[PDB]
Amino acid sequence: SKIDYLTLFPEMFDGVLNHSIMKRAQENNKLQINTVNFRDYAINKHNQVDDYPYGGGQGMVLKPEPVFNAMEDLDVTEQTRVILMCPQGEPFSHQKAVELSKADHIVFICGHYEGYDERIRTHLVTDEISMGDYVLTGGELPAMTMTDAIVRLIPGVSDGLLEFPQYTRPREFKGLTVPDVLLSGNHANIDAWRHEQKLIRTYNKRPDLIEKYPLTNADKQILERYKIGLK
Ligand SMILES: NCc1ccc(CNC(=O)c2csc3nc[nH]c(=O)c23)cc1
């Protein structure tokens with residue numbers, strides 16, 4: 001598996017690529033990563049990478065020329081996945097992280113442009129993906145974030161409830177005391193207490209999850225005595 005980033009700000013990938021999980025995984029001969037710059041493939045390098053839109057338009061538009069040239073020498077194939085970071089792409093998701101982790105070659109087209117030449121989309125891009133309804137400056141951070149979720153899912157690199165509260169040393173800290181049950185060594189009571197907390201927190205902060213949860217008699221009894229202790 002190999003992952004390529006087509007970007008104008010390749011320096012912006014410095015920390016991410018050289019540090020943490022991707023830095024380790026690259027070294028294990030698990031994936032090859034390349035950071036390629038658009039401007040390098042500009043036909044003229046003076047009116048390059050982008051230009052005015054035919055028929056008028058709000059902003060500048062990424063030109064097809066540099067992009068097809070980049071794909072050409074990146075050895076892109078019909079099995080490759082050419083992902084375009086765009087605001088109106090499909091929101092990224094876990095099922096997509098799996099599908100892409102199962103792919104050999106991935107090419108991210110990262111950009112800030114008000115628009116992308118349609119010929120790029122119709123004949124190169126296999127996938128268009130966003131991070132969500134909000135507005136970002138460009139595609140690099142989304143490309144890196146998607147890479148993170150995909151890479152950890154490459155080999156070799158919920159119960160329907162919110163999680164239970166967790167605590168560690170010290171036991172007492174600014175008057176804030178770890179629940180005693182967690183120090184008692186009674187694993188049945190520790191699990192039961194954790195389960196009660198899961199139920200109560202989900203009740204308070206995600207009641208929709210309680211509705212989708214197969215509540216036992218004990219679970220109902222727990223919620224009632226909680227909503228009665230409240231008064
Ligand atoms: N006015 C149109 C317009 C066009 C491009 C941009 C630059 N944005 C991106 O390249 C982007 C990539 S993935 C993603 N996910 C969520 N939001 C985003 O903005 C993005 C912003 C606004």
# chains A, B, ... in the order shown; residues from 1 in each chain; ligands from 1

$ select_by_dssp --residues "stretch 93-142 of chain A" --states "alpha helix (DSSP H)" --output "PyMOL selection string"
chain A and resi 94-101+118-123+140-142

$ write_last_selection --atoms "N, CA and C atoms" --output "mmCIF file, in the first residue's frame"
data_model
loop_
_atom_site.group_PDB
_atom_site.id
_atom_site.type_symbol
_atom_site.label_atom_id
_atom_site.label_comp_id
_atom_site.auth_asym_id
_atom_site.auth_seq_id
_atom_site.Cartn_x
_atom_site.Cartn_y
_atom_site.Cartn_z
ATOM 1 N N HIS A 94 -16.397 5.568 8.972
ATOM 2 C CA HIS A 94 -15.679 4.344 9.298
ATOM 3 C C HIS A 94 -15.764 3.310 8.175
ATOM 4 N N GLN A 95 -16.951 3.113 7.599
ATOM 5 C CA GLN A 95 -17.025 2.119 6.536
ATOM 6 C C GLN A 95 -16.133 2.526 5.369
ATOM 7 N N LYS A 96 -15.994 3.836 5.123
ATOM 8 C CA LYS A 96 -15.084 4.276 4.070
ATOM 9 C C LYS A 96 -13.626 4.079 4.479
ATOM 10 N N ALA A 97 -13.300 4.275 5.763
ATOM 11 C CA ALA A 97 -11.931 4.027 6.219
ATOM 12 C C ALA A 97 -11.519 2.582 5.955
ATOM 13 N N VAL A 98 -12.431 1.637 6.202
ATOM 14 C CA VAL A 98 -12.165 0.231 5.906
ATOM 15 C C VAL A 98 -11.979 0.025 4.407
ATOM 16 N N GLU A 99 -12.936 0.494 3.603
ATOM 17 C CA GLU A 99 -12.849 0.282 2.162
ATOM 18 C C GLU A 99 -11.516 0.781 1.618
ATOM 19 N N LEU A 100 -11.075 1.960 2.065
ATOM 20 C CA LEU A 100 -9.824 2.522 1.561
ATOM 21 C C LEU A 100 -8.593 1.835 2.137
ATOM 22 N N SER A 101 -8.634 1.403 3.403
ATOM 23 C CA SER A 101 -7.506 0.639 3.930
ATOM 24 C C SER A 101 -7.245 -0.609 3.092
ATOM 25 N N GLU A 118 -13.706 20.411 -14.302
ATOM 26 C CA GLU A 118 -14.580 19.240 -14.288
ATOM 27 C C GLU A 118 -13.929 18.027 -14.932
ATOM 28 N N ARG A 119 -13.048 18.239 -15.912
ATOM 29 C CA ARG A 119 -12.402 17.114 -16.582
ATOM 30 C C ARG A 119 -11.563 16.286 -15.607
ATOM 31 N N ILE A 120 -10.993 16.943 -14.583
ATOM 32 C CA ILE A 120 -10.297 16.239 -13.509
ATOM 33 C C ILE A 120 -11.257 15.293 -12.804
ATOM 34 N N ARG A 121 -12.453 15.788 -12.492
ATOM 35 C CA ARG A 121 -13.416 14.991 -11.740
ATOM 36 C C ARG A 121 -13.952 13.843 -12.587
ATOM 37 N N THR A 122 -14.225 14.102 -13.875
ATOM 38 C CA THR A 122 -14.875 13.053 -14.649
ATOM 39 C C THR A 122 -13.909 11.946 -15.049
ATOM 40 N N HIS A 123 -12.617 12.237 -15.195
ATOM 41 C CA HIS A 123 -11.698 11.249 -15.746
ATOM 42 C C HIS A 123 -10.558 10.820 -14.836
ATOM 43 N N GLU A 140 -5.628 19.618 2.985
ATOM 44 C CA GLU A 140 -4.485 18.924 3.566
ATOM 45 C C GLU A 140 -4.825 18.311 4.909
ATOM 46 N N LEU A 141 -5.305 19.120 5.853
ATOM 47 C CA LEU A 141 -5.700 18.564 7.146
ATOM 48 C C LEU A 141 -6.725 17.456 6.993
ATOM 49 N N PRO A 142 -7.796 17.628 6.223
ATOM 50 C CA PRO A 142 -8.678 16.483 5.969
ATOM 51 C C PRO A 142 -7.942 15.296 5.361
#

$ residues_around --residues "residue A:67" --least-positions-apart "2" --cutoff "9 Å" --atoms "only C-alpha atoms" --output "list in words"
residues 6, 38, 41, 42, 49, 62, 63, 64, 65, 69, 70, 71, 72, 109, 120 and 124 of chain A

$ write_last_selection --atoms "N, CA, C and O atoms" --output "mmCIF file, in the first residue's frame"
data_model
loop_
_atom_site.group_PDB
_atom_site.id
_atom_site.type_symbol
_atom_site.label_atom_id
_atom_site.label_comp_id
_atom_site.auth_asym_id
_atom_site.auth_seq_id
_atom_site.Cartn_x
_atom_site.Cartn_y
_atom_site.Cartn_z
ATOM 1 N N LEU A 6 -1.193 15.105 -3.388
ATOM 2 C CA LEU A 6 -0.980 16.140 -4.385
ATOM 3 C C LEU A 6 -1.424 17.456 -3.749
ATOM 4 O O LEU A 6 -2.612 17.651 -3.475
ATOM 5 N N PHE A 38 1.858 20.589 -6.935
ATOM 6 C CA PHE A 38 1.249 20.957 -8.215
ATOM 7 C C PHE A 38 2.201 21.766 -9.081
ATOM 8 O O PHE A 38 2.408 21.447 -10.257
ATOM 9 N N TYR A 41 4.379 20.603 -11.879
ATOM 10 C CA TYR A 41 3.834 20.082 -13.126
ATOM 11 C C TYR A 41 3.158 21.158 -13.959
ATOM 12 O O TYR A 41 2.541 20.842 -14.980
ATOM 13 N N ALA A 42 3.273 22.419 -13.555
ATOM 14 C CA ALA A 42 2.707 23.508 -14.333
ATOM 15 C C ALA A 42 3.282 23.488 -15.737
ATOM 16 O O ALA A 42 4.493 23.338 -15.918
ATOM 17 N N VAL A 49 -1.108 25.958 -12.411
ATOM 18 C CA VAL A 49 -1.946 25.234 -11.457
ATOM 19 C C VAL A 49 -3.413 25.648 -11.554
ATOM 20 O O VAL A 49 -4.286 24.778 -11.531
ATOM 21 N N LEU A 62 -8.658 25.199 -10.436
ATOM 22 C CA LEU A 62 -7.537 24.302 -10.683
ATOM 23 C C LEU A 62 -7.563 23.780 -12.116
ATOM 24 O O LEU A 62 -8.576 23.249 -12.578
ATOM 25 N N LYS A 63 -6.444 23.915 -12.809
ATOM 26 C CA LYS A 63 -6.341 23.532 -14.212
ATOM 27 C C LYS A 63 -6.162 22.018 -14.340
ATOM 28 O O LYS A 63 -5.607 21.382 -13.450
ATOM 29 N N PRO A 64 -6.641 21.408 -15.425
ATOM 30 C CA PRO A 64 -6.481 19.951 -15.550
ATOM 31 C C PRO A 64 -5.056 19.508 -15.829
ATOM 32 O O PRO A 64 -4.663 18.428 -15.386
ATOM 33 N N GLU A 65 -4.294 20.282 -16.594
ATOM 34 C CA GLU A 65 -2.992 19.902 -17.120
ATOM 35 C C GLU A 65 -2.077 19.400 -16.010
ATOM 36 O O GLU A 65 -1.722 18.210 -15.976
ATOM 37 N N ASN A 69 -0.861 15.306 -15.447
ATOM 38 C CA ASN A 69 0.567 15.001 -15.479
ATOM 39 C C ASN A 69 1.020 14.364 -14.173
ATOM 40 O O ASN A 69 1.758 13.374 -14.182
ATOM 41 N N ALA A 70 0.565 14.899 -13.039
ATOM 42 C CA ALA A 70 0.905 14.299 -11.755
ATOM 43 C C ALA A 70 0.426 12.857 -11.682
ATOM 44 O O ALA A 70 1.190 11.948 -11.339
ATOM 45 N N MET A 71 -0.838 12.618 -12.017
ATOM 46 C CA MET A 71 -1.329 11.250 -11.978
ATOM 47 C C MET A 71 -0.504 10.353 -12.902
ATOM 48 O O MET A 71 -0.201 9.204 -12.550
ATOM 49 N N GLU A 72 -0.081 10.882 -14.056
ATOM 50 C CA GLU A 72 0.642 10.071 -15.032
ATOM 51 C C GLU A 72 1.908 9.475 -14.426
ATOM 52 O O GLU A 72 2.117 8.258 -14.472
ATOM 53 N N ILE A 109 -6.087 14.399 -3.800
ATOM 54 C CA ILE A 109 -6.001 15.717 -4.403
ATOM 55 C C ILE A 109 -6.476 16.708 -3.348
ATOM 56 O O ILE A 109 -7.653 16.738 -2.986
ATOM 57 N N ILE A 120 -10.993 16.943 -14.583
ATOM 58 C CA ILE A 120 -10.297 16.239 -13.509
ATOM 59 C C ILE A 120 -11.257 15.293 -12.804
ATOM 60 O O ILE A 120 -10.919 14.139 -12.496
ATOM 61 N N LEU A 124 -10.372 11.442 -13.671
ATOM 62 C CA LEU A 124 -9.343 11.003 -12.728
ATOM 63 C C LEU A 124 -9.919 10.598 -11.385
ATOM 64 O O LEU A 124 -9.573 9.545 -10.848
#

$ closest_residue --among "A:116, A:77, A:17, A:68" --to "ligand 1" --atoms "only C-alpha atoms and all ligand atoms"
A:116

$ closest_residue --among "A:103, A:74, A:36, A:43" --to "residue A:11" --atoms "only C-alpha atoms"
A:36

$ residues_around --residues "stretch 191-200 of chain A" --least-positions-apart "2" --cutoff "7 Å" --atoms "only C-alpha atoms" --output "list in words"
residues 161, 162, 163, 164, 187, 188, 189, 202, 203, 204, 222 and 223 of chain A

$ decode --residues "stretch 78-231 of chain A" --atoms "C-alpha atoms" --output "JSON list (two decimals), in the first residue's frame"
[["chain", "number", "residue", "atom", "x", "y", "z"],
["A", 78, "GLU", "CA", -7.52, 1.80, -12.74],
["A", 79, "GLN", "CA", -7.27, -0.03, -9.41],
["A", 80, "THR", "CA", -5.97, 3.16, -7.75],
["A", 81, "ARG", "CA", -8.27, 5.33, -5.60],
["A", 82, "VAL", "CA", -8.00, 9.02, -6.57],
["A", 83, "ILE", "CA", -9.71, 10.93, -3.76],
["A", 84, "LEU", "CA", -10.63, 14.59, -4.14],
["A", 85, "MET", "CA", -10.93, 16.54, -0.90],
["A", 86, "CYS", "CA", -13.90, 18.79, -1.61],
["A", 87, "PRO", "CA", -16.45, 20.50, 0.65],
["A", 88, "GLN", "CA", -19.44, 18.81, -0.93],
["A", 89, "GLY", "CA", -17.96, 15.33, -1.04],
["A", 90, "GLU", "CA", -19.44, 12.46, 0.92],
["A", 91, "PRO", "CA", -18.78, 12.84, 4.66],
["A", 92, "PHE", "CA", -15.92, 10.52, 5.61],
["A", 93, "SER", "CA", -16.94, 7.51, 7.66],
["A", 94, "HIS", "CA", -15.68, 4.34, 9.30],
["A", 95, "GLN", "CA", -17.03, 2.12, 6.54],
["A", 96, "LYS", "CA", -15.08, 4.28, 4.07],
["A", 97, "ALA", "CA", -11.93, 4.03, 6.22],
["A", 98, "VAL", "CA", -12.17, 0.23, 5.91],
["A", 99, "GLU", "CA", -12.85, 0.28, 2.16],
["A", 100, "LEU", "CA", -9.82, 2.52, 1.56],
["A", 101, "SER", "CA", -7.51, 0.64, 3.93],
["A", 102, "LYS", "CA", -8.19, -2.36, 1.63],
["A", 103, "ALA", "CA", -6.70, -0.41, -1.32],
["A", 104, "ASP", "CA", -3.15, -0.53, -2.61],
["A", 105, "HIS", "CA", -2.66, 2.95, -4.13],
["A", 106, "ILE", "CA", -4.39, 6.10, -2.87],
["A", 107, "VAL", "CA", -3.95, 9.59, -4.32],
["A", 108, "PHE", "CA", -5.31, 12.59, -2.41],
["A", 109, "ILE", "CA", -6.00, 15.72, -4.40],
["A", 110, "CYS", "CA", -5.74, 18.47, -1.79],
["A", 111, "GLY", "CA", -6.74, 22.02, -2.63],
["A", 112, "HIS", "CA", -8.32, 25.29, -1.55],
["A", 113, "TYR", "CA", -9.85, 26.21, -4.85],
["A", 114, "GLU", "CA", -13.24, 27.71, -5.33],
["A", 115, "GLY", "CA", -13.46, 25.05, -8.06],
["A", 116, "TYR", "CA", -11.77, 22.17, -9.87],
["A", 117, "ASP", "CA", -11.75, 21.69, -13.65],
["A", 118, "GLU", "CA", -14.58, 19.24, -14.29],
["A", 119, "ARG", "CA", -12.40, 17.11, -16.58],
["A", 120, "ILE", "CA", -10.30, 16.24, -13.51],
["A", 121, "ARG", "CA", -13.42, 14.99, -11.74],
["A", 122, "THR", "CA", -14.88, 13.05, -14.65],
["A", 123, "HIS", "CA", -11.70, 11.25, -15.75],
["A", 124, "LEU", "CA", -9.34, 11.00, -12.73],
["A", 125, "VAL", "CA", -11.24, 11.26, -9.46],
["A", 126, "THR", "CA", -12.72, 8.00, -8.20],
["A", 127, "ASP", "CA", -13.90, 9.41, -4.86],
["A", 128, "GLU", "CA", -14.85, 12.81, -3.46],
["A", 129, "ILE", "CA", -14.83, 13.08, 0.33],
["A", 130, "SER", "CA", -15.39, 15.85, 2.90],
["A", 131, "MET", "CA", -14.96, 16.16, 6.66],
["A", 132, "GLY", "CA", -18.46, 17.57, 7.35],
["A", 133, "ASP", "CA", -20.85, 20.47, 6.95],
["A", 134, "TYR", "CA", -18.33, 23.03, 8.13],
["A", 135, "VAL", "CA", -15.94, 25.06, 5.99],
["A", 136, "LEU", "CA", -12.18, 24.46, 5.94],
["A", 137, "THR", "CA", -9.36, 26.37, 4.25],
["A", 138, "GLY", "CA", -8.05, 23.45, 2.20],
["A", 139, "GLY", "CA", -7.74, 19.74, 1.79],
["A", 140, "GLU", "CA", -4.48, 18.92, 3.57],
["A", 141, "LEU", "CA", -5.70, 18.56, 7.15],
["A", 142, "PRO", "CA", -8.68, 16.48, 5.97],
["A", 143, "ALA", "CA", -6.31, 14.37, 3.86],
["A", 144, "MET", "CA", -4.02, 13.79, 6.85],
["A", 145, "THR", "CA", -6.96, 13.03, 9.14],
["A", 146, "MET", "CA", -8.40, 10.49, 6.70],
["A", 147, "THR", "CA", -4.92, 8.98, 6.37],
["A", 148, "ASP", "CA", -4.75, 8.45, 10.12],
["A", 149, "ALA", "CA", -8.02, 6.52, 10.24],
["A", 150, "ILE", "CA", -7.08, 4.46, 7.15],
["A", 151, "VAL", "CA", -3.51, 3.64, 8.23],
["A", 152, "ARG", "CA", -4.39, 2.28, 11.66],
["A", 153, "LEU", "CA", -6.87, -0.01, 9.86],
["A", 154, "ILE", "CA", -4.14, -1.41, 7.57],
["A", 155, "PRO", "CA", -2.94, -4.81, 8.85],
["A", 156, "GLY", "CA", 0.45, -4.71, 10.54],
["A", 157, "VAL", "CA", 0.29, -1.12, 11.80],
["A", 158, "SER", "CA", -19.48, -0.25, 21.26],
["A", 159, "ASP", "CA", -22.25, -1.75, 23.41],
["A", 160, "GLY", "CA", -24.65, 1.05, 22.51],
["A", 161, "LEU", "CA", -23.78, 3.05, 25.66],
["A", 162, "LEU", "CA", -21.49, 5.88, 26.60],
["A", 163, "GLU", "CA", -18.26, 4.90, 28.31],
["A", 164, "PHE", "CA", -17.81, 4.51, 32.02],
["A", 165, "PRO", "CA", -15.81, 7.04, 34.03],
["A", 166, "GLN", "CA", -12.17, 6.15, 34.49],
["A", 167, "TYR", "CA", -9.76, 7.27, 37.19],
["A", 168, "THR", "CA", -6.05, 6.91, 38.02],
["A", 169, "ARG", "CA", -3.52, 8.05, 40.67],
["A", 170, "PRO", "CA", -3.78, 9.95, 42.95],
["A", 171, "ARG", "CA", -6.81, 8.76, 44.91],
["A", 172, "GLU", "CA", -7.44, 12.22, 46.35],
["A", 173, "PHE", "CA", -6.55, 15.41, 44.52],
["A", 174, "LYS", "CA", -7.75, 18.93, 45.38],
["A", 175, "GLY", "CA", -10.45, 17.27, 47.48],
["A", 176, "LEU", "CA", -11.59, 15.28, 44.43],
["A", 177, "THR", "CA", -11.77, 11.67, 45.48],
["A", 178, "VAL", "CA", -11.74, 8.55, 43.27],
["A", 179, "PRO", "CA", -14.84, 6.39, 43.88],
["A", 180, "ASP", "CA", -14.01, 3.99, 46.68],
["A", 181, "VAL", "CA", -15.47, 0.97, 44.87],
["A", 182, "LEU", "CA", -12.62, 1.11, 42.34],
["A", 183, "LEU", "CA", -10.07, 0.52, 45.13],
["A", 184, "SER", "CA", -12.01, -2.28, 46.82],
["A", 185, "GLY", "CA", -10.75, -5.24, 44.76],
["A", 186, "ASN", "CA", -14.31, -6.57, 44.30],
["A", 187, "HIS", "CA", -14.41, -7.01, 40.55],
["A", 188, "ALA", "CA", -18.09, -7.86, 40.47],
["A", 189, "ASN", "CA", -18.91, -4.58, 42.18],
["A", 190, "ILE", "CA", -16.44, -2.63, 40.02],
["A", 191, "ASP", "CA", -18.08, -3.93, 36.83],
["A", 192, "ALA", "CA", -21.57, -3.34, 38.20],
["A", 193, "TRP", "CA", -20.71, 0.22, 39.23],
["A", 194, "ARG", "CA", -19.19, 0.88, 35.83],
["A", 195, "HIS", "CA", -22.33, -0.50, 34.21],
["A", 196, "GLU", "CA", -24.60, 1.71, 36.33],
["A", 197, "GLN", "CA", -22.51, 4.78, 35.37],
["A", 198, "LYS", "CA", -22.72, 3.84, 31.67],
["A", 199, "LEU", "CA", -26.51, 3.66, 31.99],
["A", 200, "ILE", "CA", -26.88, 6.92, 33.91],
["A", 201, "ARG", "CA", -24.54, 8.93, 31.69],
["A", 202, "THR", "CA", -26.25, 7.67, 28.56],
["A", 203, "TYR", "CA", -29.65, 8.52, 30.11],
["A", 204, "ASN", "CA", -28.50, 12.10, 30.79],
["A", 205, "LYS", "CA", -26.48, 12.92, 27.69],
["A", 206, "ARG", "CA", -27.72, 10.60, 24.91],
["A", 207, "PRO", "CA", -31.27, 9.53, 25.76],
["A", 208, "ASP", "CA", -31.61, 8.45, 22.10],
["A", 209, "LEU", "CA", -29.06, 5.71, 22.82],
["A", 210, "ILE", "CA", -31.14, 4.49, 25.78],
["A", 211, "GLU", "CA", -34.10, 4.10, 23.41],
["A", 212, "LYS", "CA", -32.00, 1.84, 21.14],
["A", 213, "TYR", "CA", -30.63, -0.23, 24.00],
["A", 214, "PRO", "CA", -32.14, -3.53, 25.12],
["A", 215, "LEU", "CA", -32.81, -2.57, 28.79],
["A", 216, "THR", "CA", -32.91, -5.44, 31.33],
["A", 217, "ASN", "CA", -35.04, -5.40, 34.46],
["A", 218, "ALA", "CA", -31.94, -4.51, 36.43],
["A", 219, "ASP", "CA", -31.24, -1.63, 34.02],
["A", 220, "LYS", "CA", -34.74, -0.24, 34.46],
["A", 221, "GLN", "CA", -34.48, -0.56, 38.22],
["A", 222, "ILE", "CA", -31.13, 1.27, 38.10],
["A", 223, "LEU", "CA", -32.53, 4.16, 36.09],
["A", 224, "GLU", "CA", -35.57, 4.55, 38.35],
["A", 225, "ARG", "CA", -33.57, 4.70, 41.56],
["A", 226, "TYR", "CA", -31.32, 7.23, 39.84],
["A", 227, "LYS", "CA", -34.14, 9.48, 38.73],
["A", 228, "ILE", "CA", -35.64, 9.23, 42.25],
["A", 229, "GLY", "CA", -32.45, 9.97, 44.13],
["A", 230, "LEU", "CA", -32.53, 13.21, 42.12],
["A", 231, "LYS", "CA", -35.96, 14.16, 43.56]]
